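A.B. asks: Numbering-wise (the entry's author numbering), the sequence shown opens with residue 1 and increments by one.
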Amino acid sequence: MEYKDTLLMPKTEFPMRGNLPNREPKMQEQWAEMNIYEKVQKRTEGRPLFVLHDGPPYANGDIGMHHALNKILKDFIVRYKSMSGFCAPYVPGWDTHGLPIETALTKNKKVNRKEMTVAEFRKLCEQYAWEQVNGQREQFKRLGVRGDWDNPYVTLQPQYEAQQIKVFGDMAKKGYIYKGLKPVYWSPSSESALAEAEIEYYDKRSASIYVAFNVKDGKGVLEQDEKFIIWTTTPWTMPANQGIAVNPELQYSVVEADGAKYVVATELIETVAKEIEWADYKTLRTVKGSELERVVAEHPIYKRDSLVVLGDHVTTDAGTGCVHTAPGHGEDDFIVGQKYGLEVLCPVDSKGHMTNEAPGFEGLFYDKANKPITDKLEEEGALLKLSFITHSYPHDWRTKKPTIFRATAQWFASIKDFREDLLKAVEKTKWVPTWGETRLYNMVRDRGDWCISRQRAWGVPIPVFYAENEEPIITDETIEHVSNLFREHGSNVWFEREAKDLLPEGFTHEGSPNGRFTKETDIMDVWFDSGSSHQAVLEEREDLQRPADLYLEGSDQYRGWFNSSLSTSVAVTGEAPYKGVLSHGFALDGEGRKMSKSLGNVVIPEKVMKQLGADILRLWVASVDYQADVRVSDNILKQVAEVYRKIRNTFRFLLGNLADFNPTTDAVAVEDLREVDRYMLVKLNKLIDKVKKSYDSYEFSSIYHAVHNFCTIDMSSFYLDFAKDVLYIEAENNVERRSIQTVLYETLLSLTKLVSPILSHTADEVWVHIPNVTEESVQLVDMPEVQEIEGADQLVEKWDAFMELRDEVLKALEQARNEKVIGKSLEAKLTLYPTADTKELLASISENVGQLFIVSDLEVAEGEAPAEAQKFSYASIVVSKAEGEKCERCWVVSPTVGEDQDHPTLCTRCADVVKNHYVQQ
Ligand SMILES: CC[C@H](C)[C@H](N)C(=O)NS(=O)(=O)NC[C@H]1O[C@@H](n2cnc3c(N)ncnc32)[C@H](O)[C@@H]1O
Ligand SMILES: CC[C@H](C)[C@H](N)C(=O)NS(=O)(=O)NC[C@H]1O[C@@H](n2cnc3c(N)ncnc32)[C@H](O)[C@@H]1O
Ligand SMILES: [Cl-]
Ligand SMILES: [Cl-]
Ligand SMILES: [Cl-]
Ligand SMILES: [Cl-]
Ligand SMILES: [Li+]
Ligand SMILES: [Li+]
Ligand code: NA
Ligand code: NA
Ligand code: NA
Ligand code: NA
Ligand SMILES: [Zn+2]
Numbered sequence: 001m002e003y004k005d006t007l008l009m010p011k012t013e014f015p016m017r018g019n020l021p022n023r024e025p026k027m028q029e030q031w032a033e034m035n036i037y038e039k040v041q042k043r044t045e046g047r048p049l050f051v052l053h054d055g056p057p058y059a060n061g062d063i064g065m066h067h068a069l070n071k072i073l074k075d076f077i078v079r080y081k082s083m084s085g086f087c088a089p090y091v092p093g094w095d096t097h098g099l100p101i102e103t104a105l106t107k108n109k110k111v112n113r114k115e116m117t118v119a120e121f122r123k124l125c126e127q128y129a130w131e132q133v134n135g136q137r138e139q140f141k142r143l144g145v146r147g148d149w150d151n152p153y154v155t156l157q158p159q160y161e162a163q164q165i166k167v168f169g170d171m172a173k174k175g176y177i178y179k180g181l182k183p184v185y186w187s188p189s190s191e192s193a194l195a196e197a198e199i200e201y202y203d204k205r206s207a208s209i210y211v212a213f214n215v216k217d218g219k220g221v222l223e224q225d226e227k228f229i230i231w232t233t234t235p236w237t238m239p240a241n242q243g244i245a246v247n248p249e250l251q252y253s254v255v256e257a258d259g260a261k262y263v264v265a266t267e268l269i270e271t272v273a274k275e276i277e278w279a280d281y282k283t284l285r286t287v288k289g290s291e292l293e294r295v296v297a298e299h300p301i302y303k304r305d306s307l308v309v310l311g312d313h314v315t316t317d318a319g320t321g322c323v324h325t326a327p328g329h330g331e332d333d334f335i336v337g338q339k340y341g342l343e344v345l346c347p348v349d350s351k352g353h354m355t356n357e358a359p360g361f362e363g364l365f366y367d368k369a370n371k372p373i374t375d376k377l378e379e380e381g382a383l384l385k386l387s388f389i390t391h392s393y394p395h396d397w398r399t400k401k402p403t404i405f406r407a408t409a410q411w412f413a414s415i416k417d418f419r420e421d422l423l424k425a426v427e428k429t430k431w432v433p434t435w436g437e438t439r440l441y442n443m444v445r446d447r448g449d450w451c452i453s454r455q456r457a458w459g460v461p462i463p464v465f466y467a468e469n470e471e472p473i474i475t476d477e478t479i480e481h482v483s484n485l486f487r488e489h490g491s492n493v494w495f496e497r498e499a500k501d502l503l504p505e506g507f508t509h510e511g512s513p514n515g516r517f518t519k520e521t522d523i524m525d526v527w528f529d530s531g532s533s534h535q536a537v538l539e540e541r542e543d544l545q546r547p548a549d550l551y552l553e554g555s556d557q558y559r560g561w562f563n564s565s566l567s568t569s570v571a572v573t574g575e576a577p578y579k580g581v582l583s584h585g586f587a588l589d590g591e592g593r594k595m596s597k598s599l600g601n602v603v604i605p606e607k608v609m610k611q612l613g614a615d616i617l618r619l620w621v622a623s624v625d626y627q628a629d630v631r632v633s634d635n636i637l638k639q640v641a642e643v644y645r646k647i648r649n650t651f652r653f654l655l656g657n658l659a660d661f662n663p664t665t666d667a668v669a670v671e672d673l674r675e676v677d678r679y680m681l682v683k684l685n686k687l688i689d690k691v692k693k694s695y696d697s698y699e700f701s702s703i704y705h706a707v708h709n710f711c712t713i714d715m716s717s718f719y720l721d722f723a724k725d726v727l728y729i730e731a732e733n734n735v736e737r738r739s740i741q742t743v744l745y746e747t748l749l750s751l752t753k754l755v756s757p758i759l760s761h762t763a764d765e766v767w768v769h770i771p772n773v774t775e776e777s778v779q780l781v782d783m784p785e786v787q788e789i790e791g792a793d794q795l796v797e798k799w800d801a802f803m804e805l806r807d808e809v810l811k812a813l814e815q816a817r818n819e820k821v822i823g824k825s826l827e828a829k830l831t832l833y834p835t836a837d838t839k840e841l842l843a844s845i846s847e848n849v850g851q852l853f854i855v856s857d858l859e860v861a862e863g864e865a866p867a868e869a870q871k872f873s874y875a876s877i878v879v880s881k882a883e884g885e886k887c888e889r890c891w892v893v894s895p896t897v898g899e900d901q902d903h904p905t906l907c908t909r910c911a912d913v914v915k916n917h918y919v920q921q
């Protein structure tokens, strides 16, 4: 009414309280209308490419917090590269085959794969897959991610399957593919073989056994009264035992008597005494381990032959220097078994039940047969001690049930034949974090061959044919024929055609004179499907190239996508499929616990997406060290939401005070700016350089705190706090108010372009309220390039000290606020007694110290009388009342109020502004 004369914050087109959940979906609607991803791609069509290949997430179900972090971090890098001189094509993917889909249907939808045909079950997997890829893609958009969502890649597409066969064919012609009977992971629950990437370790209770092996033919070294000692945590492997292993040269064994003479390593006398609980024991003689070679023993239950063999695998750390050798259930047992030509026995079927090869335990599940085996051992008297231990045990990654080693005929990729080239690729790759290099390097030098065949249906079949010779037929013509056939009809054709209909039209092989061929039924590892992405996406698609610039996935992908993609590429190309790798940790509860439904700590993305929004989650991603494990909770997200409030209010302050500003020609020159404003320009450019550098180094935690510090204390509390009472009161064409606005305009333009990769819904919302809009969205302009400011270093030293001094003045004002008598910074006059250094800085102030300290008046004298007021380490201060007339417009207590006849209640400053007008109004 009468007490106010406008001069407030006009531009409220950007609301204060951020209702992003109801506003962001509309923001994404316009993004889809304009096809912004195609626009930015077209704008940079000639710029150099930065390819961030997207790791294909599984379609097992809805998205989680971990799914968001992987996509959001990818979105940060792609958006920055788009507006920094690079062309950034990002095509999303989805891994569609393998157990993660079959187990989802079996458990969630209660469908039995054995109650329907193989073709029918595959069709249901295909239907459930496209349901999940549609649901996941919409959820990713809600978070806010830019990519080729309408043209993604999936592993079920015929082009992907066709190219995957080529990858197998290229490695096969190199000789890197072979088939053999070897012990490998077997999951009885899934009735299929597995690999380390498909193995999850959990603690499991197992029965420790110390058992006796009678001596039959000591070869002049041992008498029949001696007995071997064997330690085993797998009783079910005893029926398959074909030998005993002991170290030939390093370890020497001795005979110990406790009423009977036993054979054990000398270094394990005390350890085996406390385990079997021996009372009194004595050592008879010593024997070098190599002397015990070819000694024949007897099976405790079947009294069959068991041959003592030499091996480097037997260790002192075991419970006994003698380890029972079962070539059909162990890797090291198989190697020494083949050296001595020992028979391979696997009395366990695919479902985990003992077969006729174990006479007394046929039909029993291997874990259910442990007790009967021990009972028979004690009946035979060969059992010495029975104990129980808990240790980490391999489990199926989907059924969560334990796995066992089984010696079966499987397809393998000969890693050993090109392991050296794999190690070279790791050394030549840039790994962030740095330990990722050693993580994969050790995984390569210690890895065996890769078992690729899986006894399941939903996946890409192995393209191998067998003649009447039963010889595997792998050749370029067959691979070419099946690859093109898969490109036309898909992998489904292999499961619906005879063997002769999948081969070339006139193919004949020497092994089958009658032309009767047969095909293979096993399928490929789902990690091979994801590992073939570089050939099927980076190479086939024109929008991408190989090698990609960056691979950004989780820590579990070192054994997964990182390993498989490198394995396939180096086998074919010899080089890495990526120039660099970035790794993120695991999402965790606020207390550090794993996010699982059992703990009730699950943070659903859609839950936060509707309670808080998208950019709040985007801020949280940049607020954590993604390179390690990251903690998330509702309270933590609320803290990030509070940060967005500060960013919201500071942005609104910039927009509000820039309403009556048009920098088309009202731009104050750099020299014409106030020295206070020039320092803020240097700080803005320093912030620009730090953010762009941190984007190159992917350190988003630095960016998150830098912007928060740049606004909470530097801008809102220091620079905007002063201009909160100065900008509008003065003239609308005053150089001071225009110079301050030019700083605010440049910060608004630069900061909006800076935050564009991290926050985009709020960035474009602010970009709407921009006086100069030459591009539709902030994502269409490049990042602000840093510009040097003359005399920056001198001003930085001067004004940082001035910023330091102001905070001490404010603390003195807050000390007056503690008194609360004046209770106002502007209504307070000041009498300052400064240090010579402080006085020198005040002398260097060519601006108005009173308006900077938002005080009515300031006087400086060397009074040096502390009294009882205050003294900062650089000045003595007196906060005094002015006692003049308070201006009704600027609220400054000034003696000049009443000097103007037309406006007797206004000071000279306000009276002049009200009376005069520049050109208008
Ligand atoms: C699938 C069955 C569960 C694991 C069940 N809770 C269970 O068996 N629990 S346990 O504590 O008995 N597991 C001990 C492990 O050792 C085997 N075992 C148990 N009792 C004996 C025994 N007397 N002699 C030999 N082996 C034995 C079990 O099979 C299990 O692997
Ligand atoms: C590149 C993806 C792999 C080829 C595989 N399909 C896969 O892991 N698919 S996923 O859907 O399970 N996960 C996709 C991404 O999320 C990471 N991830 C999976 N689980 C977690 C977790 N608990 N915490 C943090 N990150 C996790 C994966 O490493 C991958 O980057
Ligand atoms: Cl099943
Ligand atoms: Cl063992
Ligand atoms: Cl047919
Ligand atoms: Cl067939
Ligand atoms: Li025990
Ligand atoms: Li709060
Ligand atoms: Na059924
Ligand atoms: Na099969
Ligand atoms: Na077969
Ligand atoms: Na995984
Ligand atoms: Zn006034």
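For every residue, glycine included, the Cβ atom is placed at its ideal position computed from N, Cα and C.
Short of 7 Å in beta carbon distance, which residues of its chain neighbour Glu362, apart from the five on each side in sequence? Order them along the chain.
C.D. replies: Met354, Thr355, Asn356.
A.B. asks: Below 7 Å between beta carbons: does that hold for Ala723 and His53?
C.D. replies: Contact: no.
A.B. asks: Check for me: the alpha helix (DSSP H) holding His489 runs from which residue to which?
C.D. replies: 476 to 489 is the extent of the alpha helix (DSSP H) around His489.
A.B. asks: Here's a check: name, in chain order, each residue in its chain whose Cβ is nearer than 7 Å to the Cβ of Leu105, leaving out the five neighbours to either side.
C.D. replies: Correct list, in chain order: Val111, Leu124, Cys125, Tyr128.
A.B. asks: Drop a sphere of 10 angstroms on the beta-carbon of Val602, count the other beta-carbons inside from all chains shown, and report buried for 16 or more, exposed for fewer.
C.D. replies: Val602 is exposed by the Cβ-count criterion.
A.B. asks: Report whether the distance from the Cβ of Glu642 to the nearest heavy atom of ligand 8 is below 6 Å.
C.D. replies: Flag set: Cβ of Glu642 near ligand 8.
A.B. asks: Between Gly328 and the rest of its own chain, which residues show a CB-CB distance below 6 Å, the 5 nearest in sequence each way excluded?
C.D. replies: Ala240, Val344, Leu345, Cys346, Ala407, listed in sequence order.
A.B. asks: Please determine, among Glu470, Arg674, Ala457, the residue with the shortest C-alpha to C-alpha distance to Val493.
C.D. replies: When only C-alpha atoms are compared, the closest one is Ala457.
A.B. asks: For ligand 13, is there a heavy atom less than 6 Å away from the beta-carbon of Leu906?
C.D. replies: Yes, Cβ of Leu906 sits closer than 6 Å to a heavy atom of ligand 13.
A.B. asks: Pick from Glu732, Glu885, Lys351: whose alpha carbon is nearest that of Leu7?
C.D. replies: The residue with the shortest Cα to Cα distance from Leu7 is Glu732.
A.B. asks: From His584, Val255, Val167, pick the residue whose C-alpha is nearest to that of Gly175; which is it?
C.D. replies: Closest by alpha carbon: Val167.
A.B. asks: Per DSSP, what kind of secondary structure is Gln410 in: helix, strand or coil?
C.D. replies: In the structure shown, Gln410 sits in a strand (DSSP, three-state: E or B).
A.B. asks: Going by DSSP in three states, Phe14 sits in which element: helix, strand or coil?
C.D. replies: Three-state result, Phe14: coil.
A.B. asks: By alpha-carbon positions, which one of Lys274, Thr103, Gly98 ends up nearest to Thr399?
C.D. replies: Ranking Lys274, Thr103, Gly98 by Cα distance to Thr399 puts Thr103 first.
A.B. asks: Buried or exposed, going by whether 16 or more other CB atoms sit within 10 Å of the CB of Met715?
C.D. replies: Result: buried.
A.B. asks: Flag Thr521 as yes when its Cβ comes closer than 6 Å to any non-hydrogen atom of ligand 10, and as no otherwise.
C.D. replies: Checking every heavy atom of ligand 10 against the Cβ of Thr521, one is found closer than 6 Å.
A.B. asks: Hey, would you say the C-beta of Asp556 is under 6 Å away from at least one heavy atom of ligand 12?
C.D. replies: The answer is yes for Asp556.
A.B. asks: Any idea if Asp75 is buried or exposed, counting beta-carbon neighbours within 10 angstroms, 16 or more meaning buried?
C.D. replies: By the neighbour-count rule (16 or more Cβ atoms within 10 Å), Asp75 is buried.
A.B. asks: Among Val608, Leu268, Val308, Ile209, whose alpha-carbon lies nearest the alpha-carbon of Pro248?
C.D. replies: Answer by Cα proximity: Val308.
A.B. asks: Answer yes or no: the CB of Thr232 versus the heavy atoms of ligand 4, is any distance below 6 Å?
C.D. replies: True, at least one ligand heavy atom lies under 6 Å from that Cβ.
A.B. asks: For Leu99, collect the residues of the same chain with a Cβ closer than 6 Å to its Cβ; drop the 5 residues on either side in sequence, then sort them by chain order.
C.D. replies: Result list for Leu99: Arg398, in chain order.
A.B. asks: Provide the residue span of the alpha helix (DSSP H) that contains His761, from first to last.
C.D. replies: Here the alpha helix (DSSP H) through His761 covers 761 to 768.
A.B. asks: List, from N- to C-terminal side, the beta strand (DSSP E) runs of 3 residues or more that fit wholly inside the stretch 614 to 702.
C.D. replies: List check, beta strand (DSSP E) in window: 630 to 632.
A.B. asks: Say the cut is 6 Å; is the CB of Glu498 nearer than that to a heavy atom of ligand 5?
C.D. replies: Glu498: yes, Cβ under 6 Å from ligand 5.
A.B. asks: Any heavy atom of ligand 13 closer than 6 Å to the Cβ of residue 922?
C.D. replies: Nothing about residue 922 can be reported from this structure: the residues present for the chain run from 1 to 921 only.
A.B. asks: Considering only the beta carbon of each residue, do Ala667 and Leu143 sit closer than 7 Å?
C.D. replies: The answer is no: Cβ separation not under 7 Å.
A.B. asks: Return yes when at least one heavy atom of ligand 1 lies under 6 Å from the C-beta of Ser206, else no.
C.D. replies: Yes, the beta carbon of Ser206 sits closer than 6 Å to at least one heavy atom of ligand 1.
A.B. asks: In chain order, which beta strand (DSSP E) runs of at least 3 residues are fully inside the stretch 521 to 568?
C.D. replies: Listed in chain order, they are 550 to 554.
A.B. asks: Just mark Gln921 as buried or exposed, buried being the case when its beta carbon has 16 or more other beta carbons within 10 Å.
C.D. replies: Exposed, since its Cβ has fewer than 16 Cβ neighbours within 10 Å.
A.B. asks: What's the gap between the Cα of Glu765 and the Cα of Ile452?
C.D. replies: In a straight line, the C-alpha of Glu765 is about 50 Å away from that of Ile452.
A.B. asks: Just curious, the beta strand (DSSP E) that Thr831 is in, first and last residue?
C.D. replies: Counting along the chain, the beta strand (DSSP E) containing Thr831 begins and ends at 828 to 834.
A.B. asks: I'd like the ranges of any alpha helix (DSSP H) spanning at least 4 consecutive residues and lying wholly in the stretch 41 to 95.
C.D. replies: Counting only runs of 4 or more, we get 65 to 82.
A.B. asks: State yes or no: is the C-beta of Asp629 nearer than 6 Å to some heavy atom of ligand 5?
C.D. replies: Checking every heavy atom of ligand 5 against the Cβ of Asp629, none is found closer than 6 Å.
A.B. asks: Quick check on DSSP: helix, strand or coil for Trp494?
C.D. replies: Helix.
A.B. asks: So which residues put a beta carbon under 6 Å from any heavy atom of ligand 3, going in chain order?
C.D. replies: Taken from the N-terminal end onward, the list reads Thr106, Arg113.
A.B. asks: With distance defined between alpha-carbon atoms, name the residue in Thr234, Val621, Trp411, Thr774 nearest to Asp367.
C.D. replies: Nearest option by C-alpha distance: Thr234.
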